[PDB]
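In structure tokens, the next block holds one chain alone, the form deposited in one PDB entry.
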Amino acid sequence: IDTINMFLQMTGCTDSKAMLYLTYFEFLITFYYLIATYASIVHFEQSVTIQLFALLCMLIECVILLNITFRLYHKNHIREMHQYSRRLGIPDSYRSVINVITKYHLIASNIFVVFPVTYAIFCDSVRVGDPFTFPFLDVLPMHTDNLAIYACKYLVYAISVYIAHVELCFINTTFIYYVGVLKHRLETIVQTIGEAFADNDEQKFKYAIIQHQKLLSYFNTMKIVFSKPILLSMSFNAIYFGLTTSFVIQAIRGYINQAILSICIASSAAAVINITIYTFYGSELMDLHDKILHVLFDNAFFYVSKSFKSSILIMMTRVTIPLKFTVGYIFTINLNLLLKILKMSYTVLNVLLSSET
């Protein structure tokens, strides 16, 4: 709830509009950084080690801007999902994972922002004010000057890293939180069915059926909300793993500047997490319907009122189909997709390595 509340406020779901203005400011900053990086790539003269850094920065900014747009475009659906989730919480394991991911994002953002300074207080061949002494690419129109201007540019560039990490945490924690809401409501439905199979209470079974239908509607809303971020993460992570592995291999071979790993190690660590969270908790959904299916099969089925039996059989038919998180008409979000992504990543890596060498 630490980051979920911030996500809801800055998405505009809550009444407070100030966080919506903060989201607008972050979008404007990301757009300016994207256009500045594009201008540096095209309408400027830069070296190869700077071309690769600029390409990585442009990709990161494009992904962050797309994520901001995706979460702003679905504010009403996110509001409906929060309204559903207001009643029950989430499993404590999900909350522990959310806390772990929030702490990781804080630590990683603070480390990546800091490291340029350490690299400038080391490797005496380099000095403050030139290509890799900033968390971001040197895109500001101002030139290198005294330490005051250096620090101002450093903070302005670190704002971009903090924004990227905030928007990555928002998509990493919300999927877990809402899958946990789904799971908790599913277990409550199973418990209600178990209670109904103790008193021949057909009315309580009707209540369980209503709860299951509402859960299915909420699941459809969740699919609608998370369809776009998941596809973006999938495709970008594939091509980005390829590109960043190529860059790491080249820099290990010494073709390019080694300090580029400072991004490649970090911007692919925050990527392998994004597709791991989606594919992991996307495979926990398919175990949910088995709980209802195995709680419906009971000896008490043989003592109920012959219309209770029909309802049991109808739900039993409906729960033989697992909850598949299909997005993009082709892609089912589970660990099999995690297996499948790596092969395309390796193909891209081999193509890039052969072209570079």
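Sequential numbering from 1, following the sequence displayed. The term rigid core refers to the maximal set of C-alpha atoms that superpose within 1.5 Å between the two forms.
Although not depicted, the form deposited in another entry is the subject of the following passage.
With the two forms fitted on their core, the C-alpha shifts between this form and the one not shown stay under 2 Å for all of 279, 85, 257, 192 except 257. Residue displacement note: residue 20 has its CA displaced by under 2 Å between this form and the one not shown (rigid core superposed).
After superposing the rigid core, the C-alpha of residue 344 moves by 2 Å or more between this form and the one not shown. Remark: with the core as the superposition reference, the CA shift of residue 101 between this form and the one not shown stays below 2 Å.
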